[PDB]
Number of protein chains: 4
Amino acid sequence: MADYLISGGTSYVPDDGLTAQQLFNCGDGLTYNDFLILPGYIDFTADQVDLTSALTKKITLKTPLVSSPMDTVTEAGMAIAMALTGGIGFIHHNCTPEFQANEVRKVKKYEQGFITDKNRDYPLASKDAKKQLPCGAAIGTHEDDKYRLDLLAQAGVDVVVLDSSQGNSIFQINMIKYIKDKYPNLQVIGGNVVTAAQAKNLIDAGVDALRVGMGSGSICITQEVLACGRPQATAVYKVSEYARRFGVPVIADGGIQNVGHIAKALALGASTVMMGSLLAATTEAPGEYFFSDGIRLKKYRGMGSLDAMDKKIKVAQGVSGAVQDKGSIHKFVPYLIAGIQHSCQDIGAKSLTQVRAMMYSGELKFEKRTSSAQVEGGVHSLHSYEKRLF
Amino acid sequence: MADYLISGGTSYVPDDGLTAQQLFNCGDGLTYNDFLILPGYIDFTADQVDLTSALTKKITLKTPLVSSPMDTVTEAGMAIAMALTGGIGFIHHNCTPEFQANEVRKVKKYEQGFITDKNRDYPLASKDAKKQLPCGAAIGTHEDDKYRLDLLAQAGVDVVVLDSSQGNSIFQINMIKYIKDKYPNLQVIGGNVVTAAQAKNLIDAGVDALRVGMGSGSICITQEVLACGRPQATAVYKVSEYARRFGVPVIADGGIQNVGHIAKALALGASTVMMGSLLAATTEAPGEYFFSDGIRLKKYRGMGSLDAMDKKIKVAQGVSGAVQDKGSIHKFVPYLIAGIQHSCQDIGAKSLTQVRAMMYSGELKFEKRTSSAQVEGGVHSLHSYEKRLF
Amino acid sequence: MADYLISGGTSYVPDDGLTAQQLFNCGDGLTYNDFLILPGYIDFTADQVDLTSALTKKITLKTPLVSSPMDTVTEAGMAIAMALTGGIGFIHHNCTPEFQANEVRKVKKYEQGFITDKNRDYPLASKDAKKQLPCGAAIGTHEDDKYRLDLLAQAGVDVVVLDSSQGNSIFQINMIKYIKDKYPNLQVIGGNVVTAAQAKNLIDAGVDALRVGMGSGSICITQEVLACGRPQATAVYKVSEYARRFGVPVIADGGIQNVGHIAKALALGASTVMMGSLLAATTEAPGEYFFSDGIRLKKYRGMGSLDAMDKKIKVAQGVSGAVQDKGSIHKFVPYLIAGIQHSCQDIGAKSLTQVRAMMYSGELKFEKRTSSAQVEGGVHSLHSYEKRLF
Amino acid sequence: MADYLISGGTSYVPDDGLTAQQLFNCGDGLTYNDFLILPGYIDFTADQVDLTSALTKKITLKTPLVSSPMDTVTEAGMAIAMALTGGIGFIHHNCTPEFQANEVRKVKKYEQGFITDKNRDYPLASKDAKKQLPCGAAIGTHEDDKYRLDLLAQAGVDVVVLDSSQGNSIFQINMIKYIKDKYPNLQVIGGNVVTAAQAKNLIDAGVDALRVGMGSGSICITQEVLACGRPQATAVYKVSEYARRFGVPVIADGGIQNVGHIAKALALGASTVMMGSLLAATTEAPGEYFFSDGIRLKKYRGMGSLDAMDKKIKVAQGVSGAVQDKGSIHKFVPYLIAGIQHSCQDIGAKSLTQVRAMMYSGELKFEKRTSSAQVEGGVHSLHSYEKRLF
Ligand SMILES: NC(=O)c1ccc[n+]([C@@H]2O[C@H](COP(=O)([O-])OP(=O)(O)OC[C@H]3O[C@@H](n4cnc5c(N)ncnc54)[C@H](O)[C@@H]3O)[C@@H](O)[C@H]2O)c1
Ligand SMILES: NC(=O)c1ccc[n+]([C@@H]2O[C@H](COP(=O)([O-])OP(=O)(O)OC[C@H]3O[C@@H](n4cnc5c(N)ncnc54)[C@H](O)[C@@H]3O)[C@@H](O)[C@H]2O)c1
Ligand SMILES: NC(=O)c1ccc[n+]([C@@H]2O[C@H](COP(=O)([O-])OP(=O)(O)OC[C@H]3O[C@@H](n4cnc5c(N)ncnc54)[C@H](O)[C@@H]3O)[C@@H](O)[C@H]2O)c1
Ligand SMILES: NC(=O)c1ccc[n+]([C@@H]2O[C@H](COP(=O)([O-])OP(=O)(O)OC[C@H]3O[C@@H](n4cnc5c(N)ncnc54)[C@H](O)[C@@H]3O)[C@@H](O)[C@H]2O)c1
Ligand SMILES: *c1nc2c(ncn2[C@@H]2O[C@H](COP(=O)(O)O)[C@@H](O)[C@H]2O)c(=O)[nH]1
Ligand SMILES: *c1nc2c(ncn2[C@@H]2O[C@H](COP(=O)(O)O)[C@@H](O)[C@H]2O)c(=O)[nH]1
Ligand SMILES: *c1nc2c(ncn2[C@@H]2O[C@H](COP(=O)(O)O)[C@@H](O)[C@H]2O)c(=O)[nH]1
Ligand SMILES: *c1nc2c(ncn2[C@@H]2O[C@H](COP(=O)(O)O)[C@@H](O)[C@H]2O)c(=O)[nH]1
């Protein structure tokens with residue numbers, strides 16, 4: 001019959017909104033708050049949404065959440081918490097290599113299979129072949145980072161991130177090739193990059209994932225000091241679009257402030273999301289809580305801040321501050337998971353993989369927001385209010 | 001793994017060419033020769049291509065070919081031949097109603113099941129419930145056409161076409177409602193229309209298919225005489241795009257000169273293709289062969305030509321001429337079928353339904369042709385040549 | 001082989017971002033904060049970046065930094081400091097000609113070769129043929145400015161700037177020709193201009209450099225009072241693009257607030273950058289430090305402010321205020337130098353000359369910033385923070 | 001020779017910026033702060049700029065300044081002051097007709113020629129044939145306004161303005177025709193209008209000038225309450241462009257905050273500028289000065305405010321407030337005159353007539369301003385400052 005024979009199941013579906021390609025073709029320099037995702041069709045419940053994510057070519061996580069390698073964010077405690085909730089943590093390298101290797105060992109010795117030296121309480125916990133938690137580590141691109149890498153490999157790190165503001169450098173590519181030849185099984189994350197040209201240079205060197213973002217971080221002043229960077233949403237879309245031609249996952253790094261930002265980054269092509277300030281002042285973050293006028297808060301600083309580089313003339317690229325206490329990771333990360341699942345349900349996708357497939361196929365639709373639209377989208381017209389997320 | 005998890009099976013597939021929507025958004029006023037279909041991916045053979053087509057809401061044919069209701073094209077002989085090759089013929093009404101009903105009866109009595117008054121030699125032959133060939137008939141929108149319709153319904157016609165140059169009229173809509181209430185099972189084809197506004201008016205009246213085309217016919221001079229019409233490719237695309245919102249098939253009528261034109265019309269949203277000149281001077285066309293300077297050819301005239309309307313000032317809308325002999329329908333239609341199948345294979349679709357699904361989804365891609373491109377596409381740079389299609 | 005023969009060394013390099021010409025063709029009226037420079041490829045260290053800059057046709061400096069001719073900014077002390085750090089200072093003329101000539105003499109007698117009447121402590125110090133520091137001076141376009149010019153030429157000034165808000169005037173052109181005929185060796189800077197038409201008029205008169213900017217200065221209210229001016233980034237790009245057709249350097253004047261602004265101005269085609277407020281409240285700036293509620297700060301006023309013109313009815317074009325203490329030039333200018341070098345390294349250029357060559361060739365790429373993008377580029381999501389640049 | 005024969009005196013003059021027609025074709029909905037005028041060529045001094053302006057077809061003023069018919073702005077004192085400084089005042093009608101006629105008489109009896117029962121202290125003072133100051137008056141479009149008009153005509157008013165928010169009404173057109181037939185010599189100003197369609201309706205009725213502006217006034221809330229209006233700069237340009245086809249002058253009404261705004265309105269096609277808040281809290285404004293926390297200020301209210309309409313259900317269209325004391329008109333208006341003259345000198349025109357001629361010919365050029373550009377154009381980067389206009 002005609003109702004089937006005219007177009008074969010694919011029905012009318014009025015065209016309304018912009019595709020991602022149309023949205024990011026305009027060259028406006030958009031970030032997360034400049035656009036929304038239009039809703040789709042719902043025929044399933046939120047709890048059925050699958051958040052399985054690729055961290056690298058060969059490392060898969062049950063959630064897309066990653067803690068940033070920052071000395072005020074990720075040490076062994078935070079890494080264990082993120083592994084237990086289904087993500088991963090990357091241990092910072094603003095320390096001695098022995099200290100870093102000890103932190104990696106503490107992460108890797110939390111759970112064991114056959115000890116050669118709880119699984120039910122944490123179903124989403126990611127594990128390697130030997131029933132051990134996964135762990136990540138940051139290294140630089142200088143000469144001593146080779147010895148640091150040897151210690152980390154001995155400690156049993158599963159993935160290393162090359163920590164730099166501008167990853168498209170001869171130093172970074174040289175260390176990528178060094179690692180590829182000396183530890184052929186080790187997974188390497190390159191970055192940070194914001195353009196497809198940088199991305200091509202790093203993928204040709206053989207990275208297993210790309211870290212995307214420059215200047216969007218909450219503690220960053222790189223854009224205003226060095227005049228270099230890119231709006232985060234455009235950067236994530238462009239680099240993910242390039243990298244998926246070669247099957248390279250993208251980690252979206254910097255500027256994430258809420259669940260909506262996480263969902264937008266995943267919809268734009270990122271496979272995982274890296275969080276700094278959002279996970280600072282949690283119980284598992286390193287450092288100690290302190291009070292400033294009846295407010296509980298913790299230190300949070302950028303790695304390019306003068307205090308961070310203290311332990312010639314130094315050009316600071318980050319600031320040092322404090323953020324309000326958020327509580328425990330074991331209570332905060334489930335809220336993020338539920339929020340992402342609800343966002344996926346609203347846009348009509350059963351999984352993050354299907355979200356990205358719909359985006360690349362043009363089925364997922366977007367819309368811009370003017371300044372008035374953003375104000376309307378926020379809380380308005382109230383004398384006073386209380387905001388309780390969960 | 002990441003190779004699956006990044007976008008879920010849907011690979012890169014570099015973007016190249018225009019979608020049909022993009023092509024017909026430019027407002028250039030394109031017809032068939034102004035564009036091409038870009039090739040796709042082939043993983044099947046040409047003979048496996050399915051050409052099942054919807055003529056109306058409830059009438060399905062094995063091929064998309066229809067013979068036009070013209071007194072130099074379709075009588076009982078042509079109708080039987082087209083039914084036997086898998087299409088259908090529409091018997092013209094430039095005759096008395098008794099003559100038309102007799103032609104319909106001759107078509108409907110060619111093959112029988114249980115005669116109440118070969119099926120393997122012609123596998124593609126379309127048949128109704130009682131194993132009889134299908135037949136179509138044209139009627140006008142004047143008062144006496146009701147009596148003509150009664151005679152045709154008694155003769156057992158399966159579908160009637162309302163024959164007019166401009167179908168968006170109060171007369172046509174009145175007769176559509178008359179037919180709907182008096183013969184609730186009879187299928188009605190409305191037209192001719194070239195715009196979505198006309199199409200909406202006719203679909204609201206309850207037609208089961210639309211006949212699309214005004215001024216594109218080979219014998220027609222309506223565009224130059226009445227300044228009204230539309231380029232055929234744009235008309236087919238626009239009207240099919242509107243009509244498929246309601247599950248109404250479109251017959252593309254006029255200006256078809258070759259297999260490439262048939263394939264283009266089907267790719268643009270038409271479900272069947274109506275042919276005039278292409279089927280004139282076949283053996284089954286009415287009239288007798290005659291010679292003019294060693295060339296065998298037959299009369300072919302437009303219904304709005306003065307000779308056609310002869311049997312008060314008449315404004316002619318068509319010319320009368322002759323076309324070269326093509327041979328038999330039973331040998332010519334298989335060539336068209338094979339050509340359409342090869343076109344479908346080249347663009348990478350298993351069926352006409354899938355062709356249209358790909359076009360509406362944006363997977364099928366198109367390209368414009370300049371005048372130099374069209375010349376290049378034709379035969380060139382030769383001293384002399386012979387063109388043998390089959 | 002094909003890897004070389006296909007395109008000869010020039011590899012793919014995916015296209016991403018806008019060229020400067022594309023960015024400033026849109027007519028949006030951009031200034032510095034509306035765009036960023038995308039990062040390039042790094043294969044050298046920051047300290048290897050060469051900042052040699054052309055102040056005029058024949059005067060070359062080792063850094064691109066120039067102090068503005070303002071009575072709260074540049075006197076002999078500031079001029080000596082800027083000469084010693086590799087730049088130059090322009091002595092203001094809101095004084096008597098004898099006072100100005102004495103300041104020029106004090107600058108020119110700081111270092112000597114063969115005295116006819118430290119080289120290692122300051123390697124970047126600019127010097128003339130006779131091992132003396134270079135010095136600049138401002139003059140007006142009125143009649144007595146000829147006598148002022150005679151005194152300055154006797155004092156041995158190396159370059160004079162014609163000080164005006166709108167340099168495209170018959171008065172300015174007359175004085176330019178006067179100076180060219182009377183002091184054929186003296187270098188003349190014309191301005192201020194913001195359009196290529198003004199620039200053509202001044203280059204035809206024979207200037208050796210152009211001063212670009214109108215209304216962008218921190219103390220300026222010309223745009224709001226006289227409705228005339230231009231956004232600074234667009235002005236710098238347009239005028240530099242015109243002036244380089246004739247080999248005329250451009251000084252970018254006004255609205256510089258940080259190292260990122262300096263880098264952007266140099267990337268847009270300027271050869272040197274003139275600074276007002278950024279160098280006010282340094283130790284070498286004229287005037288005395290004073291306290292307002294525990295904050296140390298110095299007077300800073302525009303030359304078109306009523307206080308400035310006090311020493312008929314006067315239309316003020318500038319305001320008078322105070323800015324916070326910055327410390328010494330000998331410590332602040334090295335920070336600017338290091339910042340510019342780091343910006344050049346990030347965008348992948350070995351020198352300012354190569355930065356501009358990449359920009360004109362289209363290799364350097366830019367990106368716009370929405371308001372949300374600018375907010376994201378700034379410090380955000382923090383309860384409190386401290387910003388220590390160096 | 002070729003230097004003349006190639007193009008005949010008209011030289012290259014590089015193309016840079018936008019014409020007014022290009023600027024206002026974009027449909028962005030610009031007001032005064034969204035654009036600047038680019039500078040031109042200066043070959044004359046500021047005092048030589050001629051500000052002669054057409055108020056109506058037959059009434060010419062030496063300055064383009066007009067005081068608004070508002071009960072907190074214009075009574076006899078303000079009307080006399082504006083006439084003496086070269087402009088005109090329009091006496092408000094929120095009073096009895098006898099009171100209004102008495103104010104008109106007080107204005108018309110200030111200076112006399114041959115008294116039927118100083119002119120060198122005020123050279124710019126506008127005068128009629130009998131050496132008397134000109135005076136304007138506002139009337140409504142209701143029935144009793146005819147009697148009010150009779151009293152005003154007897155008092156000797158020279159021009160009447162029809163006071164309404166939306167002037168394109170049958171009531172306004174009826175009163176325009178009434179006035180034209182009963183007082184054939186009286187000059188009538190119609191409005192307020194913001195579109196060319198309204199302008200055509202009023203010009204067809206026979207107005208001698210148009211009052212342009214709806215919702216832009218400082219005390220107005222019409223746009224937010226009735227959703228109707230237009231950005232003032234676009235409104236002035238569009239309506240002036242239409243009205244000059246018929247030789248009808250335009251008064252730009254509302255939203256003027258400074259000299260730059262006046263200059264922009266005149267450059268966009270207006271012949272005179274009407275001022276409300278800018279002239280409120282001057283000594284000559286009606287009402288009494290009063291103090292609020294050490295600040296001297298005066299009442300200023302919109303005519304559509306509830307207090308104004310007090311003396312069944314009233315929809316307020318204006319608010320009531322207070323503005324800071326500005327001093328005397330005799331000192332403030334000369335500042336405006338000098339500012340306008342300086343703006344004309346900067347853009348390179350000898351007169352307002354030549355400003356508009358250059359604008360219509362495309363020689364005058366404009367530029368847009370982003371939000372960052374506007375911030376840059378303002379005062380910035382200062383700890384504190386003092387702004388003394390004159
Ligand atoms: N993502 C961001 O936007 C961002 C911005 C600023 C800082 N940061 C963080 O701050 C930290 C440091 O910043 P960075 O990017 O300057 O790190 P970095 O230490 O890589 O850079 C230091 C400098 O040394 C150079 N360098 C690097 N390797 C070298 C080698 N082998 N030989 C010679 N020179 C070499 C670099 O090009 C750079 O000029 C990192 O944690 C980084 O992630 C991040
Ligand atoms: N598709 C084309 O481009 C095209 C163009 C011209 C002619 N033709 C063919 O030629 C033939 C005649 O052309 P036509 O369209 O003029 O046919 P038509 O007979 O419908 O038109 C005849 C005229 O009579 C009017 N009319 C129709 N029904 C009426 C009624 N009940 N009462 C009063 N007036 C009425 C029509 O509006 C038209 O003016 C048809 O075969 C048509 O298919 C086709
Ligand atoms: N760059 C800017 O945006 C800007 C803006 C305002 C003021 N300023 C500074 O403030 C100071 C004020 O200078 P200015 O440009 O306001 O005015 P200026 O000192 O050049 O002269 C002011 C007026 O005198 C006229 N004039 C100049 N030379 C003349 C001559 N020979 N004969 C007759 N008339 C002549 C000018 O055209 C102008 O109307 C300067 O320091 C200037 O650099 C700079
Ligand atoms: N944007 C502006 O320029 C603006 C906006 C609001 C108010 N105002 C000022 O406030 C005052 C009043 O505003 P307004 O425009 O409502 O004045 P208005 O008195 O003309 O309007 C009063 C109402 O009566 C109607 N009306 C007018 N004449 C009539 C007649 N002869 N018969 C029947 N109905 C008639 C009008 O259409 C309107 O609905 C005026 O001073 C006006 O200038 C100005
Ligand atoms: C600029 N960016 C910096 C610096 N240190 C780290 N970073 C980047 O910021 C991310 C965290 O940002 P949040 O918005 O707080 O999530 C980090 O992951 C890293 O990429 C710095 O000093 N200057
Ligand atoms: C214009 N068009 C006419 C006329 N009679 C019929 N037609 C239309 O032409 C079609 C055939 O065109 P070909 O190109 O030869 O296939 C018919 O089906 C009909 O729609 C006429 O008089 N003037
Ligand atoms: C407007 N602009 C003025 C005035 N005096 C000087 N200037 C200009 O400003 C520049 C300094 O600006 P900063 O942003 O503080 O660097 C000067 O170099 C000069 O060009 C004035 O009165 N009104
Ligand atoms: C809206 N607009 C009103 C009202 N009364 C007068 N007006 C308009 O505003 C102009 C003055 O505006 P300023 O910006 O203060 O110069 C007047 O001339 C008139 O056109 C009102 O109640 N609501």
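Every number for a ligand or one of its atoms is a count from 1 in the order of the listing. So that the names make sense, note that chain A is the first sequence line, chain B the second, and so on, each numbered from 1.
Within ligand 7, the atoms closer than 4.0 Å to a non-hydrogen atom of C/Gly302 are 5 (N), 22 (O), numbered from 1 in the order shown. Listed by number with element, the atoms of ligand 7 under 4.0 Å from a non-hydrogen atom of C/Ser218 are 12 (O), 13 (P), 14 (O), 15 (O). Applying the 4.0 Å criterion to heavy atoms of C/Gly255 picks out, from ligand 7, the atoms 14 (O). Of all atoms in ligand 7, listed by their number and element, those nearer than 4.0 Å to a heavy atom of C/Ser68 are 17 (C), 18 (O). Atoms of ligand 3 found under 4.0 Å from any heavy atom of C/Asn192 (numbered from 1 in listed order, with element): 1 (N). For ligand 3, the atoms lying closer than 4.0 Å to a non-hydrogen atom of C/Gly304 are 10 (O). Distances below 4.0 Å separate heavy atoms of C/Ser277 from the following atoms of ligand 7: 13 (P), 15 (O), 16 (O). Close contacts of ligand 3 with C/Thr222, meaning ligand atoms under 4.0 Å from a residue heavy atom, involve 5 (C), 6 (C). The atoms of ligand 7 that sit less than 4.0 Å from any heavy atom of C/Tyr300 are 11 (C), 12 (O), 13 (P), 15 (O).
Taking only nitrogen or oxygen atoms, main chain and side chain alike, A/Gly215 reaches within less than 3.5 Å of ligand 1. Ligand 7 has no nitrogen or oxygen under 3.5 angstrom from a nitrogen or oxygen of C/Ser216. Considering backbone and side-chain atoms alike, C/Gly276 places an N or O below 3.5 Å from some N or O of ligand 7. Annotation: D/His380 places no N or O atom under 3.5 Å from an N or O atom of ligand 7; distance criterion only. Considering backbone and side-chain N/O of C/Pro69, none are found under 3.5 Å from N/O of ligand 7.
Residue C/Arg211 places a heavy atom under 4.0 Å from ligand 7. The closest approach between any non-hydrogen atom of C/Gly213 and ligand 3 is below 4.0 Å.
Regarding atom 23 (N) of ligand 7, its nearest protein heavy-atom neighbour is C/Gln317 O, 2.7 Å. C/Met70 CE, 3.7 Å is the protein heavy atom nearest to atom 6 (C) of ligand 7. From the protein, the heavy atom lying nearest to atom 10 (C) of ligand 7 is C/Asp253 OD1, 3.5 Å. In terms of protein heavy-atom proximity, atom 22 (O) of ligand 7 is nearest to C/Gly304 N, 2.6 Å. In terms of protein heavy atoms, atom 41 (O) of ligand 3 is closest to C/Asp163 OD2, 2.5 Å. The protein heavy-atom contact nearest to atom 3 (C) of ligand 7 is C/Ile219 CD1, 3.5 Å. The closest protein non-hydrogen atom to atom 5 (N) of ligand 7 is C/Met303 N, 3.0 Å. In this structure, the protein non-hydrogen atom closest to atom 1 (C) of ligand 7 is C/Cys220 SG, 1.8 Å. The single protein non-hydrogen atom nearest to atom 12 (O) of ligand 7 is C/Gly217 CA, 3.4 Å, given as residue, atom name and distance. Distance from atom 9 (C) of ligand 3 to its nearest protein heavy atom, with residue and atom name: C/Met303 CB, 3.9 Å. Given atom 20 (O) of ligand 3, the protein heavy atom at minimum distance is C/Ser164 OG, 3.7 Å.
Judged purely by distance below 3.5 Å, without hydrogens or angles, the side chains of D/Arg369 and C/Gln223 pair a donor atom with an acceptor atom. Side-chain atoms of A/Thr141 and A/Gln172 form no donor-acceptor pair, as typed in the model, at a separation below 3.5 Å. At a cut-off of 3.5 Å, with distance as the only test, a side-chain donor of D/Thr45 or D/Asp47 sits close to an acceptor on the other residue. Using modelled atom types, one finds a donor on one side chain and an acceptor on the other under 3.5 Å when comparing C/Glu376 with A/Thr31. For the residue pair A/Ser305/A/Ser320, the side-chain donor-acceptor check at 3.5 Å is not satisfied.
Protein non-hydrogen atoms do not reach within 4.0 Å of atom 22 (C) of ligand 3. The presence of a protein heavy atom under 4.0 Å from atom 18 (P) of ligand 3 is ruled out. Protein non-hydrogen atoms do reach within 4.0 Å of atom 11 (C) of ligand 1. Within a 4.0 Å radius of atom 8 (C) of ligand 7, the protein has no heavy atom. For atom 4 (C) of ligand 3, the protein comes within 4.0 Å by at least one heavy atom. There is a protein heavy atom less than 4.0 angstrom from atom 26 (N) of ligand 1.
No side-chain heavy atom of C/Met82 sits under 4.5 Å from any side-chain heavy atom of C/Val66. In this structure, the side chains of C/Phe90 and C/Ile88 come closer than 4.5 Å at one or more pairs of heavy atoms. Side chains of A/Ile251 and A/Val212 form no contact here, defined as non-hydrogen atoms less than 4.5 Å apart. A/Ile179 has its side chain out of reach of A/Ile176: every pair of non-hydrogen atoms, C-beta onward, lies at least 4.5 Å apart.
Closest heavy-atom contact between C/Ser218 and D/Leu382: OG-CD2, 4.4 Å. Shown here for D/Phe44 and D/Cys344, the closest heavy-atom pair between the two residues is CZ-O, 4.4 Å. C/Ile91 approaches C/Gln100 most closely through the heavy-atom pair O-NE2, 3.1 Å. The minimum heavy-atom distance linking A/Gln317 with A/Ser165 is given by the pair NE2-OG, 4.2 Å. Here the shortest heavy-atom pairing between A/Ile173 and A/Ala205 reads CG2-CB, 4.0 Å. The two atoms that bring A/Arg301 and A/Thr72 nearest to each other are N-OG1, 3.3 Å, heavy atoms only.
Within the structure, side chain to side chain donor-acceptor pair (under 3.5 Å) contacts touching residues 252-261 of chain C (residues at least two apart or in different chains) are C/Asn33-C/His261, C/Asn192-C/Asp253, C/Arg211-C/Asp253, C/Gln257-D/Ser381.
Across the listed options C/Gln317, C/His93, D/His342, C/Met309, C/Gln317 owns the non-hydrogen atom lying nearest to atom 16 (O) of ligand 3. Across C/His142, C/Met70, D/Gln345, C/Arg230, heavy-atom proximity to atom 24 (O) of ligand 3 is greatest for C/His142. When the options C/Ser169, D/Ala46, C/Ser165 are ranked by their closest heavy atom to atom 2 (C) of ligand 3, first place goes to C/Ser165.
We find that C/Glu224 and D/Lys387 are joined by a salt bridge, their nearest charged nitrogen and carboxylate oxygen being less than 4.0 Å apart.
Within the 4.0 Å heavy-atom criterion, neither part of C/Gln257 lies near ligand 7. Under 4.0 Å from ligand 3, heavy atoms of C/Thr141 appear from its side chain as well as its backbone.
The cationic atom of C/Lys146 (NZ for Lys, CZ for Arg) lies less than 6.0 Å from the six-membered ring centre of C/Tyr178 and within 45° of the ring axis.
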